[PDB]
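Single-structure report; data block below.
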Amino acid sequence: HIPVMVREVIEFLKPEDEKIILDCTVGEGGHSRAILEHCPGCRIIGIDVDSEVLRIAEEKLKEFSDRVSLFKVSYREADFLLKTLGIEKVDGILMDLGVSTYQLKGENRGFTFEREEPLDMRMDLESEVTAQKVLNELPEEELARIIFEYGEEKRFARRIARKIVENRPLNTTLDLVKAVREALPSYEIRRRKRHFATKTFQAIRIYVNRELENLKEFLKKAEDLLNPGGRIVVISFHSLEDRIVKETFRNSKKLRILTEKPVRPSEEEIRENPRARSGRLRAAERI
Ligand SMILES: C[S@@+](CC[C@H](N)C(=O)[O-])C[C@H]1O[C@@H](n2cnc3c(N)ncnc32)[C@H](O)[C@@H]1O
């Protein structure tokens with residue numbers, strides 16, 4: 001995986017001198033490595049809920065092991081993790097939402113619709129709920145709500161939910177693709193820019209990982225973890241996600257928005273990492 005919009009992350013996070021940075025979604029360690037290379041005196045507390053990517057990050061960040069520490073914990077519990085480390089506040093907070101390319105291409109958890117894999121989609125394999133259980137057992141009306149809300153399928157959510165039910169029991173990513181294909185007319189599939197199953201897969205993933213609920217709850221209080229002048233930078237890839245960030249930054253009384261308009265990748269930043277496409281970066285400062 002290649003770090004998305006690393007230049008803008010560094011620009012807004014302002015890692016310098018001996019700042020302490022909380023990387024809420026360390027993943028394979030891409031952004032963290034860039035920060036450590038850019039700032040020799042900084043310290044990073046990196047967290048993720050996926051132990052498999054933390055293994056990757058620990059090896060990738062080897063050369064900086066004395067200045068970065070990794071932990072398996074949800075950012076919703078970052079406040080107490082910091083306390084157990086003797087840290088009350090940090091100078092920077094970074095969040096890169098979504099899925100790591102390794103999670104997409106190498107974990108065999110069915111995050112992707114491109115190859116046949118089990119319907120798992122858990123970022124934390126220790127959690128109980130799987131995409132398979134959700135798809136095979138949730139009431140049809142709830143599936144419709146999820147696809148409409150998290151998938152943003154504003155016209156076909158009910159029909160996609162109906163096809164999922166008609167295709168039960170589902171077992172692989174290809175079974176889900178089949179359900180979505182049967183729900184969308186040929187002209188609609190062709191009309192779309194991204195693969196037609198993209199939104200439905202996203203909706204199930206977000207539900208399984210409580211991605212929007214976690215983000216909303218964390219961002220409400222994130223400001224309390226920042227030292228004066230501290231920076232919080234978030235990269236979203238979902239309109240509903242970006243809206244939550246935008247709104248949270250706006251409604252905060254302790255944060256001064258630094259990006260009225262979302263910072264987007266340059267056509268070139270897109271090449272250096274096609275994952276950057278759909279990426280919207282927002283930043284704010286503790287005042
Ligand atoms: C797009 S990836 C991060 C990529 C990373 N910035 C890089 O440069 O390698 C998003 C990450 O957030 C993690 N994640 C998801 N929910 C989380 C949560 N509640 N707390 C912490 N990490 C979480 C995922 O497991 C995934 O590793």
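Naming scheme: A, B, ... for chains in displayed order of the structure tokens; residues 1 onward per chain; ligands 1 onward as shown.
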
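Residues within 10 Å of region 178-185 of chain A, counting only C-alpha atoms and excluding same-chain residues fewer than 6 positions away, are residues 156, 157, 158, 159, 160, 161, 162, 163, 164, 165, 166, 167, 168, 170, 191, 196, 197, 198, 199, 200 and 201 of chain A.
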
Report task. Return as a count of residues only every polymer residue, whether protein, DNA or RNA, with at least one atom no more than 6 Å from an atom of ligand 1; count only C-alpha atoms and all ligand atoms. Result -> 22

Query raised in the report: Could you state the separation of CA of residue 39 (chain A) and CA of residue 19 (chain A) in Å, given to one decimal place?
Result: 8.8 Å

Query raised in the report: What gap, in Å, lies between CA of residue 252 (chain A) and CA of residue 93 (chain A)?
Result: 15.7 Å

Query raised in the report: Residues at most 9 Å from residue 42 (chain A), counting only C-alpha atoms, excluding those fewer than 5 positions away in the same chain, as a PyMOL selection string?
Result: chain A and resi 15-21+35-36+67-68

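Nearest to residue 119 (chain A) of all the residues A:88, A:152, A:137, A:175 is A:175, based on only C-alpha atoms.
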
Query raised in the report: Where in region 44-189 of chain A does DSSP assign alpha helix (DSSP H), given as a ChimeraX atom specification?
Result: /A:51-60,78-84,101-105,131-137,140-149,157-166,173-183,186-189

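Coordinates place CA of residue 132 (chain A) at a distance of 6.2 Å from CA of residue 120 (chain A).
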
Report task. Among the residues of region 43-232 of chain A, find those DSSP assigns to strand (DSSP E) from the backbone and print them as a ChimeraX atom specification. Result -> /A:43-48,68-72,90-96,226-232

Write the residues you've just listed into a file as a JSON list (two decimals), in the first residue's frame, and include C-alpha atoms for each of them.
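After the write, result.json holds the following:
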[["chain", "number", "residue", "atom", "x", "y", "z"],
["A", 43, "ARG", "CA", 6.99, 10.21, 18.62],
["A", 44, "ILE", "CA", 4.08, 8.24, 17.18],
["A", 45, "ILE", "CA", 1.46, 6.13, 18.96],
["A", 46, "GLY", "CA", -0.02, 4.01, 16.16],
["A", 47, "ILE", "CA", -3.18, 1.96, 16.55],
["A", 48, "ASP", "CA", -5.37, -0.35, 14.51],
["A", 68, "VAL", "CA", 6.94, 4.64, 17.29],
["A", 69, "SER", "CA", 4.88, 2.15, 19.31],
["A", 70, "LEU", "CA", 1.96, 0.07, 18.02],
["A", 71, "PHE", "CA", -1.19, -1.13, 19.78],
["A", 72, "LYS", "CA", -4.27, -3.16, 18.88],
["A", 90, "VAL", "CA", -1.02, 14.82, 21.75],
["A", 91, "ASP", "CA", 0.04, 17.40, 19.15],
["A", 92, "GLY", "CA", -1.44, 15.68, 16.15],
["A", 93, "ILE", "CA", -4.16, 13.20, 15.23],
["A", 94, "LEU", "CA", -4.35, 11.43, 11.87],
["A", 95, "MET", "CA", -7.17, 9.25, 10.51],
["A", 96, "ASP", "CA", -7.14, 7.57, 7.12],
["A", 226, "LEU", "CA", -5.19, 17.94, 21.48],
["A", 227, "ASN", "CA", -2.68, 20.34, 23.00],
["A", 228, "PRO", "CA", -3.17, 24.02, 22.11],
["A", 229, "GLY", "CA", -2.33, 24.40, 18.43],
["A", 230, "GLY", "CA", -2.63, 20.64, 17.90],
["A", 231, "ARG", "CA", -3.77, 19.41, 14.49],
["A", 232, "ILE", "CA", -6.33, 16.80, 13.47]]

Requested in this report: Determine the nearest neighbour of residue 287 (chain A) from the options A:10, A:126, A:118, A:255, counting only C-alpha atoms.
Outcome: A:255
